[PDB]
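For reference, the structure is listed below as structure tokens.
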Amino acid sequence: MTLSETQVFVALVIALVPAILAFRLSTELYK
Amino acid sequence: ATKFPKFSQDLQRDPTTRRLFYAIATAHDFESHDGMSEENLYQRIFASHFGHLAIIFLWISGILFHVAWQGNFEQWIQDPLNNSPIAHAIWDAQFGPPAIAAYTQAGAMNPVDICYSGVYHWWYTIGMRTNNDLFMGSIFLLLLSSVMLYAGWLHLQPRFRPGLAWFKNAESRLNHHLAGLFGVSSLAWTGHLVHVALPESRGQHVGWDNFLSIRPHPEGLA
Amino acid sequence: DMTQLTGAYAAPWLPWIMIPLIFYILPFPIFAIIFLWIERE
Amino acid sequence: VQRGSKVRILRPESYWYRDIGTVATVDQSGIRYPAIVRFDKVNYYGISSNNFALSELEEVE
Amino acid sequence: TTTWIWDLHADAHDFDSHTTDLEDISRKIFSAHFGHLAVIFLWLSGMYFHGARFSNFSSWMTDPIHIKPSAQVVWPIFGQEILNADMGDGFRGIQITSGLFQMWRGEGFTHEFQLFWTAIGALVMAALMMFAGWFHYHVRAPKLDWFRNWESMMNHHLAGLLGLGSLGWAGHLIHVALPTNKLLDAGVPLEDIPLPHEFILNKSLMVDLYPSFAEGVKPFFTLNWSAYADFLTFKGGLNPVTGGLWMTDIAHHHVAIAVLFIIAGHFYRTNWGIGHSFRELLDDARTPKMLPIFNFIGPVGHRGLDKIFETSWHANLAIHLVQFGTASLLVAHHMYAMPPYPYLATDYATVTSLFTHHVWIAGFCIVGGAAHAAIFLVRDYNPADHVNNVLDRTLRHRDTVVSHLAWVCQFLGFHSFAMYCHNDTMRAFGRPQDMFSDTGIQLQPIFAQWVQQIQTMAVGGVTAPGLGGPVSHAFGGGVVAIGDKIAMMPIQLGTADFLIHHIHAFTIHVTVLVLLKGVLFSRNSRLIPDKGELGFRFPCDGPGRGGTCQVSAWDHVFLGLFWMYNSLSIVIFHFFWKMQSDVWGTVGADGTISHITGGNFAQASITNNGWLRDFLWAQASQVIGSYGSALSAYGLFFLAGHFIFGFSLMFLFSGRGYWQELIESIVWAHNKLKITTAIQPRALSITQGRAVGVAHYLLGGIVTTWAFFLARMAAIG
Amino acid sequence: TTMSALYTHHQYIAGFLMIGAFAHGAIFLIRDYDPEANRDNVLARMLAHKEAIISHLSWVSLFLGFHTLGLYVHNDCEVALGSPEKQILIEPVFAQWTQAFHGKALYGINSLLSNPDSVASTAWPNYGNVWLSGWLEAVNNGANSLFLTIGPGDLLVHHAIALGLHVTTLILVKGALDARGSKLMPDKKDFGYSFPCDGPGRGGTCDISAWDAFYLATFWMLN
Amino acid sequence: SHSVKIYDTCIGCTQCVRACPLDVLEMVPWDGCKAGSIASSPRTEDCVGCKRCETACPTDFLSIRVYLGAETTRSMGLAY
Ligand code: CLA
Ligand code: CLA
Ligand code: CLA
Ligand SMILES: CCCCCCCCCCCCO[C@@H]1O[C@H](CO)[C@@H](O[C@H]2O[C@H](CO)[C@@H](O)[C@H](O)[C@H]2O)[C@H](O)[C@H]1O
Ligand code: SF4
Ligand code: SF4
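Chains as they are written, first to last, in this note's numbering: chain A, 1 to 31; chain B, 1001 to 1222; chain C, 2001 to 2041; chain D, 3001 to 3061; chain E, 4001 to 4717; chain F, 5001 to 5223; chain G, 6001 to 6080.
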């Protein structure tokens, strides 16, 4: 079978970590 | 003048709509930027290369996630010649009922796209069998890309910014990329092929829970 | 199944909200934020 | 270098680089490009004669 | 250099580019016009000679329903004799689509010696034209006050050229063409047709066809004109034997316009006090003499405009090329819907080719009218003559004219073409009820449907009681069938016709926008304040001011040629699909009409996909499946037109700075083998590369449509 | 559909990386190239040889284009005029023998790995070419897609491909070697990689920069 | 603004000054050629970049060179 609803929500919560780390890389690269 | 773009003072004083278009097309030409020292050029390229690496890992992590969530990978590996790979689902609220019926294809119960990239045939050969295999592969690349975003931010910090002589070391890079990037990665890929991809091709499930028990060979390593 | 958009996958309400959010709810705030960034003096 | 000498241009920016030209006049006043050399092939904008310095010329006859 | 070779052929026929004396310019113009008349008479001599010697015209005149017209035979070299197709009647040749045979039958031609003596008369009159051009230039050339006599020129060309030309043709219709076509439509074979002088010598032979000829010319002088009402008739409709117009309506047409033109040729005052003068008509059109709705044109009005016509030949060429476009557009629209020649309307290859040719002739003439309007403003226009008149005031609100035109072009492009993109998207979604269609959201062209209902109610006979039948069967009435083939039937207008007509209004308004902005900004603009000092034709004024490429009035004619091509391609595509879908076809033995493409214009022409699939992909199967048959020259010309289109984009997309630096390396290799030439190899100029690119683009696209139109219609038409 | 999509994907990617190699090799010659640090070495040779490299690329471009299009239009006029056996059908004998030297016995020429007792087949000092007995079923089967059968229609398109490779190289090499200057514009290196023109003077200088040779070669790369 | 450079190959023919529609160029005394004068570009902030001066220069190669620089309202030629 395919993914469960708890598996999709885990991937959405984990993906906030490269969302934050791409924000701090973008603001460090410059304005 | 305007603040945008911060890298070109002559584009800041441009009073026309040419300022916005030329700021795009010169944004990644770092040498023509205002006050770009030649050592600061290499450090921003190095951190931009970590940003491009993380985009690549996020891209393949999304391909694995959308097949595991909305594809038919476990149904396709039963008979790959009579089945059709599903790329992802369709959500377009302007669809009419004949378009919904036309794209409800390949044995799916919702509108889907047929995958034509061949990633089903690639994951099947290297040993992926379940949607749980594709999910933890998608989570691992979701964290591997965040490591690449960390290393780009880290190697811009003042203690970890590499000097110019480190960037010009064309012997330490050509040795490490031949033996480590090209050699050790091709060695570790053989280690995946003989420990994982060859037993899953022969019906034996090898995962992270049982790979320390099952040998790749009956005459194991002797 | 054949008359409207459904989803036989986990959390089928997610494309019900994400495609409105990504494509026609959030872009005009993002275009306005980017517009204020490139016009500020 | 004087009038009646067919010279050969050494100027890389010129149209007649490595080409033969006929000296029309050579000034004696002290200006920076005295050698007036007339040419056979015209350039890209209708000019067949241009001033050169004596150090950018080599003689043929 | 090699630029001198191209510049000499471009500096050939513009005469004020030399020393500008108007009397000597007017003499070279007057004698060159005799030379162009000799070219037309030489070309007319060829069509009558190939019609007399290399045709199946005598065989076609026996039965014009089942015989295809041919007037070009091909020699048997290189295997090219495959193009000699069976026309019927055992004749092998190329099916002509000019419609010369239908023109010659309606004029009264019956044999191949009458076409021969017409070819000799055109060969004689071509030699008379190239003597009058020699005599009126090299011997006895007129002077400038003879050229400036507008009132004598207008009187002699209305009454003398057009009035006596159509009265003289009404003499040929009445005494030759009316009896010859009356006997042919009543089924009399061509041995028994009298030669056309026997309708004059044997006056009694025309009495039994028209009994009013026994009473002679006497009712004309006594104004008992209703005696003649059997060979000059106000009938309307089509002849049910031929499908052409009634020949007695054609004779009374060329009689009534003859009286109207000879009356028109007494309007102007020449030598006798009576008449209007051109200056008094132009000096009075101003405030406060105009209507109060036209108070905006101001107190000078048209007062300074007669000095334009005294001095500028380019400004008169601008008006006359526009009106030849107006005339040729009328020839296109009126000859399909009121077909004037016998057995023309059911020859579908000829009706296609005649509409398409005269549309294209008109579109080039309109661009030339705007081109020589810009040449007048750059070269011939003097601003001292035009202070606060209608020419000066137009140049003083050119920003309001161009920006209002630019808005209505954007309105017409959204509310015509983007509705097709709406329709493409709605059909792909499976929402046909959301389309702009006759079965979805209807856009009925109710004003054109109202005119069609008026044009039918007028004949009965609410407003024109004198007709029996309709003016055209395209407006209304019934189906005219010749040989179980549709000649003309009512053309229904729906949502597909509303949309394509607003496409035409869009593509014309943009073509006006390119050409009018080129004329109105030809002397100066806010970008280039001295643009008129740089000339009519120049590439740019450098990369500065952001870049000033294509600011000249010549380069707007260059851009206007593409937009004229885009406009007229959709016009002839609208014609070709709608006639095959809703007009042309076959009346079956049941009584039902089966059209060529089966009525698919209403549902398929409303999307871009339907134009791609049902028009372009489906109907091009004749031109691509023609290899190894007699239509194979169309298949070769189809791919040849595709080649020149792609070849033109090398000149349009690139610039000469690349090609000049490419040439120096080939000049280097030619110099190392000691084979240099004196004339120095240059790339084409910036204007030459634009002129070559637009000429090959238009040649490539038109030849492709010509091969596609003529291969399909020679197979199934 | 996947095999068609994957081939077209990676070939169009490869064509884009090829024209960017010449584009960034031309930016190098404008910005980073030092004529004194590279005196009389190989980079100094081609900049002095540049009228010979471009003229030799132009002859191969004109020879291939005249004769491939000439053969195609000749075969077009023969098939259209009802004589399809009058076509000029040159057999691709060089790549058919190259297919025989890889293991195809389909042409029957039986020599050197189309041969059973060849020294390249038996590997006489070794007899250890274990690949071969599995390899020859990949070549001599008709359902796979390695070493397909080629005919005269395959020769004409390989020469059209060679025409497209040589012209796209000719635009990019001439754009790189004339990037520092030509006789039309000798000081082009002080104007940069990308600029519009040098104005309508000197005959006209539209599309003269090295960037505009990238722009022209992108049409030829896609074609 | 643009950059207008005059090089020492100038023969002082005053043709670039006559060709300039923006009055960027003027002649100053030089004693470096036979005519005793050389072109100068004092009002280069008014230069639009039309390169009419380079079209008028008879020296091979040109003694006057225009380098298109930062775009201002004057150099873009905008009346609005
Ligand atoms: C052994 C140690 C080691 C390793 C593993 C690496 C690895 C890397 N370094 Mg290097 N580096 C090293 C030591 C090392 N470095 C040292 C000691 C120095 C100082 C001298 C440097 C200085 C340095 C600089 C300045 C930069 C790098 C960069 C990189 C990255 C190259 C970009 C890339 O992702 O291509 C990965 C390439 C491969 C995996 C091999 C590809 C081979 C071909 C093209 C394909 C063959 C594979 C196969 C056929 C395809 C199958 C795949 C398909 C089935 C999906 C890569 C991660 C660049 C970077 O991006 O930084 C973030 C960069 O700018 N390094
Ligand atoms: C009633 C007398 C008369 C007639 C029939 C014409 C006819 C013509 N003139 Mg006009 N002209 C006239 C009086 C006349 N003119 C007078 C009084 C003046 C001085 C004010 C001019 C000043 C003038 C100028 C400056 C020009 C003309 C031109 C023309 C031609 C128009 C362009 C064209 O190609 O037409 C279309 C052609 C036809 C419709 C075919 C019929 C024309 C035939 C072949 C002409 C020869 C036959 C014969 C002379 C006419 C019949 C008379 C005969 C029965 C006695 C046409 C031939 C132009 C031209 O082309 O010159 C060569 C031109 O530039 N005319
Ligand atoms: C009665 C009609 C008429 C007359 C008398 C003129 C007369 C003139 N025109 Mg005008 N013009 C016309 C119609 C006319 N034109 C039309 C219909 C257009 C729209 C296309 C124009 C657009 C136009 C422009 C843009 C210009 C002129 C110019 C001129 C002047 C010089 C012409 C010249 O030297 O070219 C000599 C003739 C040629 C060089 C022949 C080339 C024509 C094409 C490219 C070739 C023919 C293609 C062929 C049909 C396809 C077959 C291909 C096959 C053989 C392979 C001359 C006063 C020029 C001028 O100097 O004004 C100040 C100018 O720049 N005309
Ligand atoms: C340059 C020209 C400008 C063109 C402007 C076009 C703008 C959009 C046009 C729509 C306006 C007229 O559209 C008009 O709407 C009504 C109401 O839906 C349609 O009505 C039709 O379809 C709807 C479908 O639900 C039914 O309710 C109705 O029974 C039926 O008659 C008409 O077919 C249409 O003629
Ligand atoms: S690109 Fe060509 S046409 Fe445009 S300004 Fe430069 S030289 Fe003139
Ligand atoms: S570029 Fe134009 S404005 Fe500037 S100096 Fe030259 S001619 Fe004058």
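A virtual CB, placed ideally from N, CA and C, is assigned to each residue, including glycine.
- Query: What is the DSSP secondary structure of E/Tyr-4341, reduced to helix, strand or coil?
  - Reply: Looking at E/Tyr-4341 - three-state DSSP - the assignment turns out to be coil, as it is neither helix nor strand.
- Heavy atom of ligand 1 within 6 Å of B/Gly-1180 beta-carbon: Indeed, a heavy atom of ligand 1 lies less than 6 Å from the Cβ.
- Are three or more beta carbon pairs between the region 4383 to 4399 of chain E and the region 4531 to 4544 of chain E nearer than 8 Å? Because the criterion of three Cβ pairs below 8 Å is not met, the region 4383 to 4399 of chain E and the region 4531 to 4544 of chain E do not touch.
- Item | Own chain partners of D/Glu-3059 with C-beta closer than 8 Å, once the 5 adjacent residues on each side are dropped | Sequence-distant Cβ neighbours of D/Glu-3059 in its own chain, meaning closer than 8 Å and more than five residues away, are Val-3001, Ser-3005, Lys-3006, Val-3007, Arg-3008.
- Query: So, helix, strand or coil for G/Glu-6026, using DSSP?
  - Reply: In the three-state reduction of the DSSP assignment, G/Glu-6026 falls in the strand class.
- Message: Quick check: is the beta carbon of B/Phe-1095 nearer than 7 Å to any beta carbon in chain E?
- Response: Chain E contact via Cβ: present.
- Item | Any chain B beta carbon closer than 7 Å to E/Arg-4526 | Chain B, which has no Cβ nearer than 7 Å to the Cβ of E/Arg-4526, makes this no.
- Query: So, do the region 5165 to 5173 of chain F and the region 5067 to 5082 of chain F have three or more beta carbon pairs nearer to each other than 8 Å?
  - Reply: Verdict: no, contact absent.
- Roughly how many whole angstroms lie between the Cα atoms of E/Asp-4284 and E/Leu-4321? Rounded to the nearest angstrom, the two C-alpha atoms are 27 Å apart.
- Message: For chain E, check one thing: does any of its Cβ atoms lie closer than 7 Å to the Cβ of G/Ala-6079?
- Response: Yes, G/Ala-6079 lies at the interface with chain E (some Cβ there is under 7 Å from its Cβ).
- Query: Going along the chain, which unbroken runs of the alpha helix (DSSP H) with 4 or more residues stay wholly within the region 4372 to 4442 of chain E?
  - Reply: For the region 4372 to 4442 of chain E, whole alpha helix (DSSP H) runs of length 4 or above, ordered along the chain, are 4390 to 4395, 4398 to 4414, 4417 to 4428.
- Quick one: is F/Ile-5030 near chain E, going by C-beta distance under 7 Å? Not closer than 7 Å to any Cβ of chain E, the Cβ of F/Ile-5030 fails to qualify, so no.
- Count the other CB atoms, across all protein chains shown, that sit within 10 Å of the CB of F/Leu-5113; report buried if there are 16 or more and exposed otherwise. Buried, since its Cβ has 16 or more Cβ neighbours within 10 Å.
- Within 10 angstroms of the Cβ of E/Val-4359, are there 16 or more other Cβ atoms? Answer buried if so, exposed if not. It counts as buried.
- Task: Flag this pair as touching only if the region 6061 to 6068 of chain G and the region 5181 to 5199 of chain F have three or more C-beta atom pairs under 8 Å; answer yes or no.
- Result: Touching, yes.
- Message: Would E/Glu-4661 pass as an interface residue toward chain F - the criterion being a Cβ-Cβ separation below 7 Å?
- Response: Yes, contact with chain F.
- Query: Thinking C-alpha only, which one of F/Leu-5184, F/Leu-5155, F/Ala-5123 is nearest F/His-5067?
  - Reply: Considering only alpha carbons, the answer is F/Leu-5155.
- Task: Quick one: grab the DSSP three-state call for D/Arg-3038.
- Result: Residue state, collapsed to three classes: strand.
- Task: Could you tell me the distance, in whole angstroms, from the CA atom of residue 4736 of chain E to the CA atom of E/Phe-4601?
- Result: Outside the modelled stretch of chain E, which goes from 4001 to 4717, sits residue 4736 of chain E, for which no answer is possible.
- Any heavy atom of ligand 3 closer than 6 Å to the CB of E/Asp-4014? Indeed, a heavy atom of ligand 3 lies less than 6 Å from the Cβ.
- Query: DSSP three-state call for E/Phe-4708: helix, strand or coil?
  - Reply: Helix at E/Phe-4708.
- Query: Under three-state DSSP, which class holds G/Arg-6065?
  - Reply: Under the three-state reduction of DSSP output, G/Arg-6065 falls in the strand class.
- Query: Just to confirm, are E/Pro-4445 and E/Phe-4498 a CB contact at a threshold of 7 Å?
  - Reply: Yes; because the gap between Cβ atoms is below 7 Å, this pair is in contact.
- Using a Cβ-Cβ distance under 7 Å, would G/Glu-6054 count as near chain I? Of the protein chains in the structure, A, B, C, D, E, F and G, none is chain I.
- So, B/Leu-1142 versus A/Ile-14, is the Cβ gap smaller than 7 Å? A Cβ-Cβ contact shorter than 7 Å links B/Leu-1142 with A/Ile-14.
- Sequence-distant residues of the same chain with beta carbon closer than 7 Å to E/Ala-4371, five excluded per side: Result list for E/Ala-4371: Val-4557, in chain order.
- Item | Within chain F, the residues that B/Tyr-1150 reaches when beta carbons sit closer than 8 Å | Within chain F, no residue comes near B/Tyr-1150; the closest Cβ sits about 29 Å away, beyond 8 Å.
- Message: Contact criterion: CB-CB distance below 7 Å. Does A/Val-13 meet it with respect to chain B?
- Response: Interface residue (Cβ-Cβ distance to chain B less than 7 Å): A/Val-13 is not classified as such.
- Coil, strand or helix - E/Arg-4053 by DSSP: Correct three-state label for E/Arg-4053: helix.
- Query: With C-beta atoms as the reference, is E/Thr-4180 less than 7 Å away from E/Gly-4108?
  - Reply: The Cβ atoms of E/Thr-4180 and E/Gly-4108 sit closer than 7 Å to each other.
- Query: Where does F/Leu-5184 land, buried or exposed, given buried means 16+ other C-beta within 10 angstroms?
  - Reply: The residue in question, F/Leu-5184, is buried, as its Cβ has 16 or more Cβ neighbours within 10 Å.
- Using CA coordinates, which residue listed in E/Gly-4236, E/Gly-4518, E/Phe-4267 is at the minimum distance from E/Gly-4461? The shortest Cα separation from E/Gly-4461 among E/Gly-4236, E/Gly-4518, E/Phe-4267 belongs to E/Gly-4236.
- Query: What residues from chain G crowd round D/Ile-3047, counting only those whose CB sits closer than 7 Å?
  - Reply: Residues of chain G with a Cβ closer than 7 Å to the Cβ of D/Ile-3047 are, in chain order, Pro-6058, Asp-6060.
- Please confirm if the region 4614 to 4622 of chain E is in contact with the region 4666 to 4673 of chain E, defined as three or more CB-CB distances below 8 Å between the two stretches. Fewer than three Cβ pairs drawn from the region 4614 to 4622 of chain E and the region 4666 to 4673 of chain E lie within less than 8 Å of each other, which leaves the two stretches out of contact.
- Would you please state the rounded distance, in angstroms, between the beta carbons of A/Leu-3 and C/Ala-2010? I believe it to be under 8 Å. Their Cβ separation, rounded to whole angstroms, is 5 Å, which keeps A/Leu-3 and C/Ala-2010 in contact under 8 Å.
- Query: Applying the criterion that 16 or more other CB atoms from any shown protein chain within 10 Å of the CB defines a buried residue, is F/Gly-5204 buried or exposed?
  - Reply: It is buried - the Cβ of F/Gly-5204 has at least 16 other Cβ atoms within 10 Å.
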